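To start, the structure under review is shown below, and the notes come after it.
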Amino acid sequence: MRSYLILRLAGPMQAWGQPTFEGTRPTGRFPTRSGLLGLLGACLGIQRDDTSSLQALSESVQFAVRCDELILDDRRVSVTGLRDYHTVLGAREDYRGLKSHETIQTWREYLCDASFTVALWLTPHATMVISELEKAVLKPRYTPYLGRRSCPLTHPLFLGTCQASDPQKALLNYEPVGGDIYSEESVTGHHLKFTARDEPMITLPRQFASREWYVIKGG
Amino acid sequence: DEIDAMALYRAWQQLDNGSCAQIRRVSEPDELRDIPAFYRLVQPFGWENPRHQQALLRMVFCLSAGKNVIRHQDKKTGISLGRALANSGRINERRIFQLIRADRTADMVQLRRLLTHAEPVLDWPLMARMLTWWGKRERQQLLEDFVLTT
Amino acid sequence: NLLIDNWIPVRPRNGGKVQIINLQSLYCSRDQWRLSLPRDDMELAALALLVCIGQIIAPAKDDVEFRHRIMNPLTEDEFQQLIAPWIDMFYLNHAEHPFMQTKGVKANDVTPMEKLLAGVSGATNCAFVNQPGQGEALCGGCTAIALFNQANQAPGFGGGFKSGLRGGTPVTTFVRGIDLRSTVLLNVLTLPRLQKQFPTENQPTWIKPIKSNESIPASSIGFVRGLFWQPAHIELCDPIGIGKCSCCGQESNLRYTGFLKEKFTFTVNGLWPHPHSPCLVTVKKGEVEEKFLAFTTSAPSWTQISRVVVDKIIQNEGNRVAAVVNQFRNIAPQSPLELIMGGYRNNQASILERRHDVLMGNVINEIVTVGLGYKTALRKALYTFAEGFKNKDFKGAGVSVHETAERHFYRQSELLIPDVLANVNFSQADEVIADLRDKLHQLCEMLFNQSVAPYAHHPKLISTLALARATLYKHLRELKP
Amino acid sequence: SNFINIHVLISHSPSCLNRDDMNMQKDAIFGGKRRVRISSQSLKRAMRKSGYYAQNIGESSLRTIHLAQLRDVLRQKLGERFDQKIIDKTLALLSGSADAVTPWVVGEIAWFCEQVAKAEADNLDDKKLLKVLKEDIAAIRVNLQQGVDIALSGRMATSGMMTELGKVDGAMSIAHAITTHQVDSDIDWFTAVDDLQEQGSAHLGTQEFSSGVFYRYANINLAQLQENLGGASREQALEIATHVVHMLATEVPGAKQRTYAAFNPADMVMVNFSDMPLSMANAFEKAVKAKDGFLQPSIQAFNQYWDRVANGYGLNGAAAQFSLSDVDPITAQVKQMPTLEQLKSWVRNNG
Amino acid sequence: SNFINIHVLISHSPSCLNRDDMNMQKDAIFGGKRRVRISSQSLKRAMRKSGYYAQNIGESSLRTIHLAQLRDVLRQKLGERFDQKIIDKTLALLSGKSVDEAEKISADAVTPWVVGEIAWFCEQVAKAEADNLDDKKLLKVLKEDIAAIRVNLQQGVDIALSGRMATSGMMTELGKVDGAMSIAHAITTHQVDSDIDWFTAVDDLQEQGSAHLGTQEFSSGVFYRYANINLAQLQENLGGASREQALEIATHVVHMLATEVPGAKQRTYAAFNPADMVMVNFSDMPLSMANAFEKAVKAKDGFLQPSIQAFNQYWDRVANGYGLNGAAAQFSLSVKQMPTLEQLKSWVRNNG
DNA sequence: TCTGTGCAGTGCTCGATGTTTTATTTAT
Ligand SMILES: [Zn+2]
């Protein structure tokens with residue numbers, strides 16, 4: 001049995017990116033690999049130019065994300081999408097200089113009434129220990145948020161720690177149970193995969209490599 | 001669980017002239033709470049259950065326009081209220097707007113005035129179902145049915 | 001040289017590290033490769049390049065040989081034989097005929113490499129939302145790929161710059177294989193069909209240049225001149241030394257940092273029979289008109305199964321499959337067929353949206369079929385509203401509410417897809433599809449109300465609104481089995 | 001603790017404070033019910049462009065950054081990538097005893113060092129360098145005189161920042177503001193009477209509007225604020241934070257305010273320190289029902305929620321609350337402030 | 001203090017002072033309760049079209065979209081000062097539309113016009129072509145002194161107060177005005193369930209029944225009116241007027257906000273009621289008192305007394321909680337107390 | 001000891017222009 005660090009990602013608004021080079025900023029259904037690394041990298045004091053420990057975090061940690069349905073008054077509330085018409089005045093026209101446009105337009109998608117429970121474990125050749133990752137989520141250095149800085153948390157990042165055989169068995173200890181799980185480690189009775197391009201290329205800033213979740217449906 | 005709309009329709013139809021007149025002179029739905037004849041009419045339809053009270057007030061207040069103003073006609077969904085008001089060819093579209101925009105109690109007052117004018121032929125259990133909820137959705141569908149008929 | 005030296009970004013089919021191979025290593029081994037770039041649109045551009053290359057160097061003489069080369073890699077001797085007469089046309093840095101370029105471009109300034117990076121620039125918001133310096137130094141492979149992408153999939157740089165033969169932003173549709181080698185071979189028309197496809201000047205635009213302001217009959221263009229068509233006057237600059245490519249992140253001896261361009265126009269009359277794109281068939285007057293498919297006001301896509309969505313739209317909605325797809329169906333009518341596909345949604349030079357499915361079942365078809373049904377129900381209802389809005393002499397965005405709502409349809413329903421796909425199996429299929437219907441039914445009502453909400457308390461529009469909502473529920477009722 | 005949480009409940013009269021590209025009020029689904037929304041970016045700009053901000057943040061004492069005093073630490077920071085010849089040449093041409101240095105200052109100067117290092121190698125100087133880097137030099141000089149604004153709100157949409165360390169986030173994080181209650185918006189059907197037209201108007205239109213008791217949430221990263229102020233003190237950071245508390249209570253977006261005029265101050269302001277910053281939005285996840293207004297039940301729902309989860313969420317730490325209302329108070333663990341100024345002083349004094 | 005906040009509590013007898021597309025009373029949800037509403041645009045038009053405005057401020061602007069009709073008005077009004085050719089080109093440059101002899105020429109949208117301002121412009125146009133100065137450079141010159149243009153708004157003050165935008169012509173660049181007065185929609189301090197009047201029209205040639213039967217919504221209500229004036233903005237909008245000039249204009253707004261009532265349905269409902277409480281307060285930041293009535297006022301010997309009381313209590317709560325100490329005065333019929341409105345107005349005229 | 005015409009040097013606004021769109025219409 002390995003040690004797991006259990007996290008809770010809850011808030012009225014979330015955003016988990018999909019590939020884009022456009023003014024449209026799309027969200028997926030559950031947290032990304034890159035987004036979870038960034039969240040951890042925020043709790044730790046990692047700066048954007050520190051590629052060394054940026055790569056040390058990525059090589060040390062793997063995730064498992066469970067989608068949690070909001071239950072209210074014994075009624076189920078579904079996750080909905082939200083489109084924000086987001087404008088910027090005096091936005092940069094070039095990457096150097098002070099010339100700017102009057103108005104630019106962007107379109108940003110959010111999730112509403114979404115909540116997630118994240119299982120976290122160490123790779124066989126990890127650098128850090130779950131003990132110091134626990135410290136980081138309890139006392140973050142940079143401000144933690146759900147995808148975008150405008151999206152605060154309504155529940156503490158830290159949920160618990162535990163020991164278990166597989167990520168599914170670990171997430172079982174924490175209500176609410178029943179949601180679909182996406183894991184970096186495969187579990188025995190499941191064979192479905194979820195393709196994604198959310199593996200941050202750390203040697204190539206703001207670029208992403210293809211990878212795959214192992215899909216584990218809830219009962 | 002659900003109000004027997006036709007049973008209530010029949011009960012109102014074979015009501016004695018006295019009890020009928022006592023109910024008809026009401027000027028708004030809440031005044032039915034002052035009428036003894038009203039309680040006896042709706043008691044076998046679940047009045048003592050608070051769940052049914054607001055619905056029964058609307059239903060009976062619409063009926064109170066008269067025994068012969070609302071003519072029930074069986075399905076061939078069945079004729080909705082919106083289509084039935086348009087079928088009369090007597091009601092201006094502007095009065096339908098004013099009806100569906102009106103707030104509480106005032107809406108029932110204006111509705112009953114429209115029923116009096118239109119003397120509609122409709123599916124009464126279908127109208128009762130509409131009166132049970134009477135949400136914003138039902139009011140918009142009323143107006144759209146009226147318009148789609150004309 | 002694209003036929004000789006390494007430039008193809010690959011990694012093992014289920015392996016790890018990226019390695020840069022050459023065309024011979026691909027054609028002459030049972031090694032399983034898959035393209036690997038940071039961008040899906042560039043992976044598709046690369047495959048298109050490879051396919052167009054394999055289309056001129058090795059068309060099978062018959063279907064029998066076609067099936068043979070797929071199961072059996074060529075020998076290095078056969079490969080060298082086939083590529084021998086083509087080496088002269090695939091030089092990046094060359095004296096008189098650079099690959100897809102034009103020597104002697106008259107330009108006052110040097111155009112940055114980002115302009116070939118399709119979407120990194122193009123709109124006034126790009127500098128604010130995108131990461132800078134993606135095109136400071138491009139390797140040889142990425143440069144050729146980018147050039148090929150600009151000539152085929154991307155819109156022109158701006159005024160005075162022309163787009164590809166299929167038009168601006170066409171949808172490219174390839175038959176998918178098990179690995180890169182098979183996929184390339186699978187999309188090469190055999191010699192017989194090649195002749196039936198193209199019944200001319202068969203020399204490239206960078207060897208036999210295009211004359212300014214000339215009118216060109218489409219039938220007067222050879223298949224290699226068309227497949228490797230270059231509508232723009234572009235000339236690369238002198239590259240630089242060893243370092244990281246700012247696009248792919250790989251090390252490269254030569255890295256380009258800029259290029260020259262100039263306004264250049266002409267006219268291709270008629271429609272060139274490009275084999276890589278599906279098209280729409282319309283009959284105006286007595287003549288038959290064809291239009292290559294493109295993501296116009298929406299880009300139909302779902303996570304994990306976008307290729308299936310696009311496939312069904314072609315299969316069902318006057319759409320016709322690509323010629324390379326038509327070939328595969330004839331060669332193997334009973335074999336299952338999935339797409340490798342991509343395209344852009346654009347506002348002239350600006351790229352608004354990218355949708356690409358690049359990876360190397362009947363329930364999924366059923367799911368997509370159901371999805372498109374609700375999509376169509378929504379469109380007919382809101383088009384009914386938009387037309388009535390127009391006929392009522394009203395102005396504003398009310399005349400296109402069916403466009404926005406269609407885009408929102410795919411994005412809102414995409415959120416349902418992961419859970420649907422996760423629970424699909426033999427016994428649960430009918431149940432999860434039924435639940436999907438209820439969800440999509442509810443979504444259509446929500447989106448209808450949302451699209452129409454800004455025009456509440458417009459009494460003159462009540463008959464238009466009522467007709468539109470009645471239309472919606474009529475089509476929604478026809479969808480429940 | 002490192003984080004300051006700021007919670008505001010503010011009631012607006014009929015208005016349209018934030019709208020989209022169809023001129024409809026912005027909204028959000030929360031707890032399955034529609035809430036009117038004022039976006040993060042709208043709220044933050046109302047603060048950043050306000051007069052109060054220009055006077056207390058834009059004209060701060062820590063505003064100015066002197067490259068002269070930073071020579072030593074810059075000399076050792078860039079000393080392993082660059083030698084003092086270039087580092088000092090750069091430091092002087094940009095301007096014409098410091099302990100620490102702001103991260104973006106190091107990174108942007110390091111970029112200028114890369115340019116002059118390549119300038120000496122390419123064997124060009126005089127005006128040629130100052131011609132090429134004319135706009136770039138002008139850019140950083142402006143930024144060196146807006147240090148508190150940059151530390152608090154982050155860099156501007158056009159800043160001329162060049163490096164990754166130049167991607168400067170704000171030390172304060174502002175959430176989207178949403179109503180505590182469900183809202184069905186009203187519609188204003190309007191005319192425009194033409195002075196030269198006899199029959200009817202020259203234009204007709206509609207405008208969506210509503211009231212709303214909004215919940216505003218913001219947090220401040222103190223260490224980040226200090227670190228981006230060249231290593232300022234906790235006290236100096238707490239002084240900045242006092243201004244944020246004031247603005248989140250009083251500043252309102254200007255949209256539609258000329259014709260709807262919803263110039264309302266907050267009725268409840270609460271500040272609490274923590275190691276983990278949390279929004280108390282789930283106090284209203286079950287949408288607040290009206291009982292003699294929405295404001296009183298909202299403050300009540302906010303207080304009851306705090307009493308229920310604060311302990312388990314680790315919201316032990318200094319907490320204070322200001323309120324215009326006499327609603328039954330939170331747990332006694334929260335110190336009641338009778339005026340806003342007393343609340344702000346409580347923040348200056350570290351709680 | 002740059003802002004002058006104005007607070008009015010005014011009670012109306014049964015009436016229908018402002019209605020919508022279906023002739024029903026305008027309303028709004030505030031505190032979860034329906035309030036009867038009078039739009040700010042209705043208030044502003046009632047003031048600018050009033051006799052008091054005409055006597056104390058001057059001429060209201062000309063708001064129109066019909067340039068062909070405007071063309072003819074200017075020719076009749078500016079004919080003895082300029083030749084018809086100059087008048088036509090001036091309108092053409094400002095509106096961005098071709099002014100010929102067409103029966104119908106339409107602007108982009110409804111736009112407020114000031115004759116005196118147009119008169120000032122055609123001077124420039126005349127001098128422009130006289131000095132052989134083309135239109136592109138004429139615009140460049142005029143953009144250099146917008147204050148000289150804004151001095152003409154002293155002939156059209158309602159624009160200086162309420163603003164102007166244009167999307168075509170030189171008005172895009174030269175006529176952009178951000179109004180100095182902010183004003184809210186008047187809402188009732190209490191919940192209202194509107195009354196309905198069931199009426200008939202008796203036909204003198206019809207002995208049986210009436211020729212028309214109908215219904216008309218109406219109600220009473222104690223309304224809260226709020227407005228503020230940005231003095232510095234008002235001075236700038238008047239081409240650099242003095243504070244005394246701005247203060248005097250503000251004083252007329254105070255008077256009108258307390259006495260001017262929209263004319264709608266007044267011929268048959270006659271709710272000609274003056275305000276029962278007026279409150280003026282100088283501040284650095286605009287302050288509305290609306291949240292005094294977020295909890296809807298319950299009746300207690302009327303709505304008026306408990307409304308004024310609710311206003312006073314909330315005023316103290318805000319002043320004590322936010323430590324506000326801007327000058328303030330209060331006139332009432334039911335903080336410096338003013339026995340008469342006139343004393344209140346002198347107070348404002350004298351910078352508080 | 002300040003200032004004047006030439007620059008060099010360029011920061012621009014100017015305008016014509018590359019492309020390409022359409023899908024519907026209740027219930028009685
Ligand atoms: Zn590369």
Side-chain angles (χ1 to χ4, degrees), chain A residues 93-94 97-99, chain B residues 75-80 82 84 86-87 121 141 144-150, chain C residues 108-109 122 150 154-170 213 231-233 261-268 280-282 289 291-298 300 313 316-319 344-351 372 375-392 399-403 405-406 462-478, chain D residues 126-127 130 132 134-135, chain E residues 139:
Chain A
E93 180 166 342
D94 208 23
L98 292 184
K99 37 186 182 179
Chain B
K75 182 178 185 157
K76 235 62 127 175
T77 347
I79 302 178
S80 72
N87 280 337
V121 176
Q141 193 57 44
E144 290 180 14
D145 286 349
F146 181 94
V147 168
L148 279 175
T149 301
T150 326
Chain C
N108 286 336
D109 286 8
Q150 259 288 337
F157 295 117
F161 293 85
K162 295 208 57 160
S163 306
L165 288 175
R166 287 171 293 184
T169 68
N213 305 29
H233 274 351
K261 67 179 187 299
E262 54 182 356
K263 294 187 178 182
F264 181 71
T265 64
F266 45 85
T267 296
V268 178
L280 164 65
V281 176
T282 273
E289 310 234 279
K291 213 181 203 225
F292 284 103
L293 253 44
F295 295 147
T296 303
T297 61
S298 77
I313 292 174
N316 312 333
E317 265 144 63
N319 299 338
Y344 299 115
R345 234 223 315 154
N346 78 309
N347 165 58
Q348 299 179 104
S350 297
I351 288 184
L372 293 182
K375 184 272 301 183
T376 295
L378 183 63
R379 180 205 273 130
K380 292 190 175 172
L382 287 172
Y383 194 72
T384 300
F385 181 85
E387 284 303 310
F389 188 94
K390 179 206 288 186
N391 295 338
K392 248 56 172 57
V399 298
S400 42
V401 291
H402 62 289
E403 295 168 10
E406 176 150 322
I462 188 50
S463 59
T464 294
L465 165 64
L467 183 62
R469 199 194 311 273
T471 295
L472 178 72
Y473 285 117
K474 177 178 187 177
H475 294 299
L476 286 184
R477 288 192 308 262
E478 297 170 347
Chain D
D126 336 45
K127 191 139 289 167
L130 302 191
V132 169
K134 177 197 171 187
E135 293 300 271
Chain E
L139 173 61

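Chain A is the first sequence line, chain B the second, and so forth, proteins listed ahead of strands; every chain is numbered from 1.
The aromatic rings of C/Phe264 and C/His233 lie parallel to each other, with less than 30° between the two planes, well short of the 60° mark. Relative orientation of the C/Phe389 and C/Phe385 rings is tilted, given thresholds of 30° and 60° on the angle between their planes.
C/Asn391 CG: more than 12 foreign heavy atoms inside a 6.0 Å radius.
Place A/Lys99 and C/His475 on DNA chain F by their nearest nucleotides, and A/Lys99 ends up nearer the 5' end. Residue whose closest nucleotide on DNA chain F sits further toward the 5' end, between C/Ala466 and C/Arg379: C/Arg379.
No donor-acceptor pair closer than 3.5 Å links the side chain of C/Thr169 to the backbone N or O of C/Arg345. Panel note: side chain C/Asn319, backbone C/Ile313; a donor-acceptor pair is recorded below 3.5 Å.
Atom NE2 of C/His402 is separated from atom P of F/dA23 by 9 Å (rounded to the nearest Å). Rounded to whole Å, the distance from CG on E/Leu139 to P on F/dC14 is 10 Å. If you take CD of B/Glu144 and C1' of F/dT25, they are 15 Å apart, rounded to a whole angstrom. When the P atom of F/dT26 is taken as reference, atom CD of B/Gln141 falls 15 Å away, rounded to whole Å. When rounded to the nearest whole Å, the span between CG of C/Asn319 and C1' of F/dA23 equals 12 Å. Protein atom CZ of C/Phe292 is 16 Å distant from nucleotide atom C1' of F/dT20, rounded to whole Å. Rounded to an integer number of Å, the gap from C/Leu293 CG to F/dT20 P is 13 Å. Atom pair C/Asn347:CG and F/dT21:P shows a separation of 12 Å (rounding to whole Å applied).
Stacking check, F/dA16 with F/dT17: both criteria met, centre separation under 5.5 Å and interplanar angle under 30°. Consecutive bases F/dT24 and F/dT25 are counted as stacked, their six-membered rings lying with centres under 5.5 Å apart and planes tilted under 30°.
Annotation: proximity of residues 157-167 of chain C to DNA chain F (heavy atom, distance under 4.0 Å) is found for C/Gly158, C/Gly159, C/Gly160, C/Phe161, C/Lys162, C/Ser163, C/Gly167, numbered in ascending order.
A glycosidic torsion no more than 90° from 0 defines the syn conformation, and F/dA23 adopts it.
Taking 4.5 Å as the limit, some side-chain heavy atom of C/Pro300 sits within range of a side-chain heavy atom of C/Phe295.
C/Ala349 comes within contact range of at least one nucleobase, with a heavy-atom separation under 4.0 Å. At a threshold of 4.0 angstrom between heavy atoms, the contacts of C/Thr296 include nucleobase atoms, whether or not backbone atoms are also involved. Across all strands, C/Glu406 comes closer than 4.0 Å to no nucleic acid atom at all (heavy-atom distances).
Phosphate proximity of F/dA27 to C/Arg477: present, with a side-chain N or O under 4.0 Å from OP1 or OP2.
With sequence neighbours excluded, no residue forms a salt bridge (charged side-chain N to carboxylate O under 4.0 Å, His left out) with C/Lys263.
Pucker assignment for F/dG11 gives south. The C1'-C2'-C3'-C4' angle has a negative sign. The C1'-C2'-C3'-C4' torsion of F/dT24 is negative, which assigns its sugar to the south, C2'-endo side.
One donor-acceptor pair, N or O on each side, does fall under 3.5 Å between the base of F/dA23 and the side chain of C/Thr297. In this model, a side-chain donor or acceptor of C/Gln348 finds a partner on the base of F/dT19 within 3.5 Å.
Using a cutoff of 4.0 Å between basic side-chain nitrogens and carboxylate oxygens, A/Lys99 and A/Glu93 are not scored as salt-bridged.
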